[PDB]
Every structure is written in C-alpha cells, then in structure tokens.
Protein chains: 4
Amino acid sequence: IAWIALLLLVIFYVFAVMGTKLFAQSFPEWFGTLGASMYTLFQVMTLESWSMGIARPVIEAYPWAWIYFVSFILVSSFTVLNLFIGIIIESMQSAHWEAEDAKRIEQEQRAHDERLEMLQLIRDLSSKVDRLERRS
Amino acid sequence: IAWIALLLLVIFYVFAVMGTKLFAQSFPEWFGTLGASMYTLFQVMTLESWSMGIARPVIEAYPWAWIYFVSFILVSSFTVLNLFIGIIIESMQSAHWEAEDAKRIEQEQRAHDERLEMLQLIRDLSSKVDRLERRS
Amino acid sequence: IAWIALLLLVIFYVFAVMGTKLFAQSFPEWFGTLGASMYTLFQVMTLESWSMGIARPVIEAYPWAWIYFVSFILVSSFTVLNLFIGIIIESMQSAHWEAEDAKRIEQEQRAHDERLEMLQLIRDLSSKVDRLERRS
Amino acid sequence: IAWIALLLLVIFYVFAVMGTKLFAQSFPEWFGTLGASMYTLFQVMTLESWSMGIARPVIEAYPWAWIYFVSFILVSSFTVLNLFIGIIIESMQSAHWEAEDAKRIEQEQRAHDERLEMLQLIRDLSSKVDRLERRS
C-alpha cells in the first residue's frame, strides 16, 4: 500500500516540474516556482476551481495544457483509487480474514490429528482381527 | 470490470455529441466542438463548477438543458460506482478469497481421501469378522 | 439497499419544500419553485459552490439557514454512505460469499453423510463381535 | 468507529480556534468568530472554493497560512477515510462475516462431537477384541 504513496509522490513531483517548466512564463502565481506548482497541483488534485480557475485560463494561453490537466487528474486520482482500495483490502483482510485464515488453518489441521490417529486405531484392530482368522 | 470502462466511454461519447448538437450554437467555448464537450463533460463529471459554471448558464438559455446535466452526472458517476466497486470485488476476491477458495477446495478433498480410505479399512475388517461367525 | 434510495428521495423532497418555503422569498432563482430547490439541492448535495455560491449568500439573509445547509449535507451524503456501502456488502457477499456460503454448506453436509455411514459400519461390527464373546 | 468521530470533531475544533487566532484580524467574515471558522472549515473540508475562495486570499495576507489549509485538508479528509472505512469493515464483517464466523464456529465443533464419539466406539471395540485374544 505505502509502496504506491511513493509513486503518487513521484507523479506529484514529475508534474510539478512539468507545470513550472511550461507555465512559469505566463501563469507565475500558479506555476512560477516548483513550490507554487506543488500547491496548485494539490488544489487541482482536490478538484477545487481546477478547470474554471486554473485549467481554462492556462488552456487559453496554451491549448497543449488541456492534456497536462486532464492526464494529471486521471493519473493522480486513479493511483489514489489504487491506494484508497489498498487500505480496504489490507484492512478487511487483516482485522478479519487474517485471523480467520489462521483459526481455520488450525481447526482444519486439528482434525487431521484426529482422523489420522483414529485411522491407526482401526489398523491396530485390523492386525488384532486378521491375526484371528490365522488363529481359528 | 473493464467491460464497463467501455460503456462509460460510450456514455461520455454519446453525451459529448448531444451537447455539441444542442449547445454548440450559443455555448461555443464549452460545446462548440465534439472535443470541447469531451473536455467540458470531463469537468462536469468531476463536478468542478459543473452547475454554477456550466449548467446554470446553459439552463438560462435552454431549460431543456437542466436534464442533460443532471442525467449525465447521475449516469456517468453511477457507472463509476459500478466500476469503483468492480475493483473492490475483483480485488478483495482475488488477493484473498481466490487463494482461500482453492486452499479450502483442497483441504476439503484431502480428507474425503482420508475418510474414504478409512472406510474401506473397516469393510476389510467387516469381511474378516463376518467370515468368522461363518468360521466358528 | 434500494429500501434507502426511497429514504434519500424522501429527504431530498422534504428539504426541497423546506427551502422553497423559507428562501423562495429572497432567493427565487435557487428556491423559487419546488423544482428549483430540487436542482439547487442536487447541486448542494454534489458540493459544487454549495457554500460560497448558495449557503453563504442564503445565510447572509437568514442566519437560521446555516443549519438547513449543514444538516442537509450531513444527512443526504450520510445516507449515501449507507447506500454506497449497501452496494459493497450486497455485492461482496453475493458474487463471492453467497456462492461459498453454499459450496461450504454442502461440503460440510457431504461428510456428515460419510461419518454417519461409517458409524453404522462400526456398529454392525460391534454387533458381529459382541455376538462372538457370546458365542465363544 | 465512533471512537474517531470524537478525534475528527477534535481536529475540527483545534483548527477552528487556530484560524480564529490567526485570521480573525484580516479575514473576519471567514475567521472572525470561533463559529465562523467552524463554518469556513466545514466548507474547506468539503473542498468548495476552498483554495481559490479561502486559502489563496488568506495566503496572500500570510504565506504561513498555506500549511494550515493543506495540513487541515490532509488530516481532516484522512481521518474520514479512516472513518469511511471503519463503516465498510464493521458493516462487511457484521452483516456477513460475524454470522458466518459463528455458523462455522458451530459447524466445526458439531463434528468434534461426532469424531470424538466415534472414537470411543472404536475403543469399546478395541476393548471387546483385545479381550478375545486373551479369551482364545
């Protein structure tokens, strides 16, 4: 799970220097610094005046900025769906189906211990009886 | 799962040509092209100034545009709920309950192999003994 | 699950006539009709300019409108959390743990059928042998 | 689950007095009272004109207000992810795997009652037979 929090923080970084490279020129409040894109891209990721506020005005300057905003959003929020889920799984299989996966790994092998002892007891009966067709 | 990523990308398309058909006339920044509706309908799907920014001004022109925005959002985001979930299911039944569904398909049939062998061992005891009421 | 899609569409209705009763007076674009509140309340439910756009200007007129917006949002989005989940449950217990809950209801009773037959076979051995302490 | 609804309402409070302390001075519509920050921080939590509306204009006054808004959103919405999930877990383990965890705690011990009775029956056979090598 936290192996993707690394990838997300890589995409956040990658796109932050992308937006600083492109838009630092004409949109210097939003993309002037690396740190100003690291804020704006947190804001665009949270979809708060992402398009009407940032994308639309940036796309008015460069129509090659349409894809940088769409693709950022698709990628960023998608590896959060992969991370949101990475919690539901590691949580629903931990509190619940890691404890059962073990209480049922034990309750199954606690009756191979019964069947396999009961088996021997019938063979020690097969030896006691098949030595009595040979005794009568 | 990805069998609905097709349906979503069909609704996205269907509605993009609907909005270009209707609003290209009077809302040409938003619905002028097919590709301007494919952007606007991504932004309306992301509910970022969806109503106050796009729907409200479009509904001021045509009050038949009220339903095109409500129904788009209901349908679009709903088949994402069917798709978000399509990940939780195929993921929680894959990493967890596809491996257990098989380790417990095997641990069950690994003791029909013990019971059905032990059974025979009692019948070969029933033959040894019922041949001794006939021998005494 | 769909037994709450009724309750949600009741809250949506209840609050729609509440907002038309109160704010139809001074906020007639948003709450003028029942049908204009059924739109605005879909928009406030989708948290798109819900506060800055609708609540803040409505609360400037009446500060008793603060609670109508907060409570609507808490209630509405909460019975969607109860409905979002009503899908994850009915879906994760249907495709996966309704089929297993039955394949393991059968695999369990298919060996009470083995044990309880094996039992008889030992009793018919107990009858054959306890009739041979009485025969020797 | 509701043991974190306390923590969330603590962070909501903690940050409400933080923003009233800092911004009451120059942003008195948003942070003038404790109760005006309790509204603004519900609106910032719902990410409705959170940055462009509140954060951006607050950060223009104080650039130490950048982190108060980012950290608030990260913390607040994150302990809702821990709470959203706290419902999926307590719900998916309740309606489904609390009833199965018990019907399978009983169906397992209802055959230790079969195996352990069948066991004795073979030992009473071992006694009857091992008393007949001593009788012949």
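Quick note: the coordinates plus some simple rules give every number you see, no bench work behind them. Ideal geometry is used to build each Cβ from the backbone, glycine not excepted, and the neighbour counts take in all protein chains shown.
Can you report the number of residues in segment D:92-106 which are aliphatic (A, V, I, L, M) and crowded, with 17+ Cβ neighbours inside 10 Å?
The qualifying residues number 1.
State which residue is nearest to A:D113 (Cα to Cα) when the search covers only segment B:105-136 and only residues that are among the basic types (K, R) and in a helix (DSSP H, G or I).
Among those that are among the basic types (K, R) and in a helix (DSSP H, G or I), it is B:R115.
Going by the conditions given, is A:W66 surrounded by 15 or more Cβ atoms within 10 Å (Cβ to Cβ), among the aromatic types (F, W, Y), at the interface with another protein chain (Cβ under 7 Å from one of its Cβ atoms) and under 24 Å from the mean Cα position of the chain (by Cα)?
no
From (1) more than 24 Å from A:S49 (Cβ to Cβ); (2) without any contact (Cβ under 8 Å) to a residue 60 or more places away in the chain; (3) among the polar types (S, T, N, Q), pick out the condition that doesn't hold for B:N82.
It fails just one condition, (2).
Pick from segment A:1-43 the residues that are in a loop (DSSP other than H, G, I, E, B) and without any contact (Cβ under 8 Å) to a residue 24 or more places away in the chain: which of them is farthest from D:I59 (Cα to Cα)?
Checking each candidate, the answer is A:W3.
Could you list, in sequence order, all residues of segment C:70-104 that are among the charged types (D, E, K, R) and assigned to a helix (DSSP H, G or I)?
Listed by number, the residues that qualify are C:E90, C:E100, C:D101, C:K103, C:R104.
Looking at (1) surrounded by 15 or more Cβ atoms within 10 Å (Cβ to Cβ); (2) of a type in the set (S, T, N, Q); (3) facing chain C (nearest Cβ under 9 Å), which is the only condition D:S136 fails?
The failed condition is (1).
Hey, A:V58 hits all of (1) more than 10 Å from chain D (Cβ to nearest Cβ); (2) among the hydrophobic types (A, V, I, L, M, F, W, C); (3) more than 27 Å from D:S77 (Cα to Cα); (4) surrounded by fewer than 16 Cβ atoms within 10 Å (Cβ to Cβ) but one; which does it fall short on?
(4)
Do we find that D:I122 is touching a residue at least 24 places away in the same chain (Cβ under 8 Å), facing another protein chain (nearest Cβ under 7 Å) and not polar (S, T, N, Q) in this structure?
Here the answer is no, as D:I122 does not meet what is asked.
Condition test on C:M45, is it within 30 Å of C:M92 (Cα to Cα), among the aliphatic types (A, V, I, L, M) and surrounded by 17 or more Cβ atoms within 10 Å (Cβ to Cβ)?
yes
Which ones in segment C:75-114 are under 24 Å from B:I105 (Cα atoms), of a type in the set (G, A, S) and more than 8 Å from chain B (Cβ to nearest Cβ)?
The answer is C:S94, C:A99, C:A102.
Out of the residues in segment B:44-69 meeting the condition of being free of Cβ contacts under 8 Å to residues at least 12 places away in the same chain and part of a helix (DSSP H, G or I), tell me which one is farthest from C:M38 (Cα to Cα).
So the residue we want is B:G53.
Restricting attention to segment D:10-36, which residues are farther than 26 Å from A:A36 by Cβ, under 31 Å from the mean Cα position of the chain (by Cα) and crowded, with 16+ Cβ neighbours inside 10 Å?
Selection gives D:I11, D:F12, D:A16, D:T20, D:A36.
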